[PDB]
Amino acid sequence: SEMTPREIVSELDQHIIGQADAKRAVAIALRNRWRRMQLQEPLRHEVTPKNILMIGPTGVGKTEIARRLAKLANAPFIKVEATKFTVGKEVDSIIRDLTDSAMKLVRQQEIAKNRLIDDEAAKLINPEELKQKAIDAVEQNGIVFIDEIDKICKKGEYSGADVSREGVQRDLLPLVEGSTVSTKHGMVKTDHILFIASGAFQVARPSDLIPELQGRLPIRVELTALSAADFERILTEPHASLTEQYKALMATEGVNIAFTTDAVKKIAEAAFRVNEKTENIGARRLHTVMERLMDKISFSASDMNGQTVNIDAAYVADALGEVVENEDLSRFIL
């Protein structure tokens, strides 16, 4: 898009708390596409996407940053899990699924951008028109998110699976290097598709990836663990935060809810407490804690039409009970 790096980050800031480095890395990556378009031949086709490799713990915004990025750029997105390819599925599926994603994007945008009348829905839908467009979207703005790419790295005492793993990287090369893949909508060039690979790299390191693949993931960026304070912001700041979602849902029932300031600190404190006591699943822990919290009101909201319900610290401690501190309970409920 015509958006500048800072404008892209400003947009990302409204959905993702923190992770400024990753926000900048993807902003740059998206801006480069615009820059390349301002170039002239023969340097235009020589310049390829600077794929990004995100390094960070689980549930801190890696995928979300990528999803959001694709959203604000109005581009075809696709998430895939690396280990998925170690019969089975062929990597080309990635580009295939991605072209489908591009179809919806093109369809809903075409038919909508041109308005009993159902029998006259065509008059714009040219079988070749849409196919070339979907292809065009994928070839020029396609974004592929490759999760757990650190799990296809040679682990310890190599050989056995470390032969199958590297085979996955190997099979990914044609895609990140620039290949032509066949899809039900025609051929697709992967040359300018932006690739975002992710991994925790707890044991494995990026230098463990086969060399041909390291060179195709030039941009290395780290995402940080989230703090209780971060959970606090996430709960209320991002567009469509959990508190805003629940507030809107109860409203359809005639119930007006409100979270006091400390009730939010309490919720975030609960999530962070379970992650550090058991397994840290990051921001995701916020989902179960909120559901546990909104359990009761969610079920009986229909019987409280016209009421305002204040969810304060007391309400939160009541709803959570002994769950947070008792692993026997938390490992089931949260």
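Numbering starts at 1 and runs along the sequence shown.
Extent of unmodelled deposited sequence, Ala240 relative to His239: Nothing is missing between them.
Unmodelled stretch from the deposited sequence between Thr86 and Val87, which bin: none, 1 to 3, 4 to 9, 10 or more? The entry leaves 4 to 9 residues without coordinates here.
What stretch has the higher average Cα B-factor here, 66 to 74 or 281 to 289? Comparing 66 to 74 with 281 to 289, the higher mean C-alpha B-factor belongs to 66 to 74.
Can you let me know which of the two, 319 to 327 or 10 to 18, has the higher average C-alpha B-factor in the entry? Looking at the recorded C-alpha B-factors, 319 to 327 comes out higher on average.
Going by the deposited entry, which of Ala204, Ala248, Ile94, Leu130 has the highest CA temperature factor? Among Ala204, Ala248, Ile94, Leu130, the highest C-alpha B-factor in the entry belongs to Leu130.
Which one of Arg220, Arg170, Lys184, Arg233 shows the top CA temperature factor in the record? So the option with the highest C-alpha B-factor is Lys184.
With respect to C-alpha B-factor, does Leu39 fall in the lowest, middle or highest third of the chain as deposited? Highest third of the chain for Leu39's C-alpha B-factor.
Would you please rank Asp208 by its C-alpha temperature factor against the other modelled residues of its chain and give the third it falls in: lowest, middle or highest? As the PDB entry reports it, the C-alpha B-factor of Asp208 lands in the lowest third of its chain.
Using the B-factor values recorded in the entry, state whether the Cα atom of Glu244 falls in the lowest, middle or highest third among the modelled residues of its chain. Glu244: CA B-factor falls in the middle third of its chain.
If you rank the chain by CA B-factor, which third does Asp262 end up in: lowest, middle or highest? Ranked within chain, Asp262 CA B lands in the lowest tercile.
Ordered by C-alpha B-factor within the chain, which third holds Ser227? Give me lowest, middle or highest, please. According to the entry, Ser227 has a C-alpha B-factor in the chain's lowest third.
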